[PDB]
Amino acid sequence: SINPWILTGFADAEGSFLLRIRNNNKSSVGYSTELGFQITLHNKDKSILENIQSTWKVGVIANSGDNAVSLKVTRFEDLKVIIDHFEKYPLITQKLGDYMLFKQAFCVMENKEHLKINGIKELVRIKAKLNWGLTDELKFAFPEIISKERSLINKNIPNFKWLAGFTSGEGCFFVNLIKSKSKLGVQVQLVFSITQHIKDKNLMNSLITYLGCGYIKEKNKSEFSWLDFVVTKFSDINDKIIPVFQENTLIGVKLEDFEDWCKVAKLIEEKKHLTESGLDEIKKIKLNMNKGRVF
């Protein structure tokens, strides 16, 4: 079983709540609904979804194209398990707001209100604040429903278990091989990083104080912006970052990448990265980790 806090961290990173309000000619109100929670991952981490499915005892696993796989929970009684978990081990990113909306929709459907037009309208109001908001057809059918900005969620990191889950989803353990004017001509630089949308700037900034190291990079692509929490000082990587995830085990393929990363850290600690033999081993490690891995 996956640790509940690690699960919530991973959910904060990768999870999503869904509310389908579909035009249905066979429905009494002309609309049918579907409520749920889902995680879609690369095929290589199917084992994560299976473990979550085994832990919660709910949800359906299915292919999501040829390179991805999804765990979806939409069966209404099973949603109580979802609610139970996140009431006890709450999300802390802006996704908490999505969960709260998911919970509101559940209440409407529990009382069977969604089978009446007033319940549908209420669900539309809920959906308008959920994820990417209303669709064009729903906006046209319910013009009185106005896109109101959501309030900001501001929660602190609850513990290192949550962080392990979150890092399992968003983190990167990287070995940078820098062309250098040194004896060996190559500088070995370990980099730890966590990426997140700027909507959770407060959470990302807190990482600096929560981990006692690192800095924030502000990145952008066209009109989109995100943040990168980065650590490049080796003493911080060795004495702070590595012990955290040694004690709080990562999940998925990324665990293997972290362990290869630690192999390099050990060589750097022993100053072997300044020898031909050590550099050779490091180059071989780098080639087989992250995107170099083969499945």
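Heads up: residue numbers just count along the shown sequence, starting at 1.
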item: Average Cα temperature factor in the PDB entry - higher stretch of 12 to 20, 270 to 278; value: 270 to 278
item: Given 48 to 56 and 24 to 32, the range whose Cα B-factors average higher in the PDB entry; value: 24 to 32
item: Per the PDB entry, maximal CA B factor within 157, 73, 81, 128; value: 128
item: Maximum C-alpha temperature factor, selected from 107, 178, 203, 96; value: 107
item: Residue 187 CA temperature factor, ranked by third within the chain; value: middle
item: CA B-factor ranking of residue 85, expressed as a third of its chain; value: middle
item: Modelled-residue ranking by C-alpha temperature factor, third containing residue 139; value: highest
item: Third assignment of residue 213 from its chain's C-alpha B-factors; value: middle
item: Ranked C-alpha temperature factor of residue 232 among modelled chain residues, by third; value: lowest
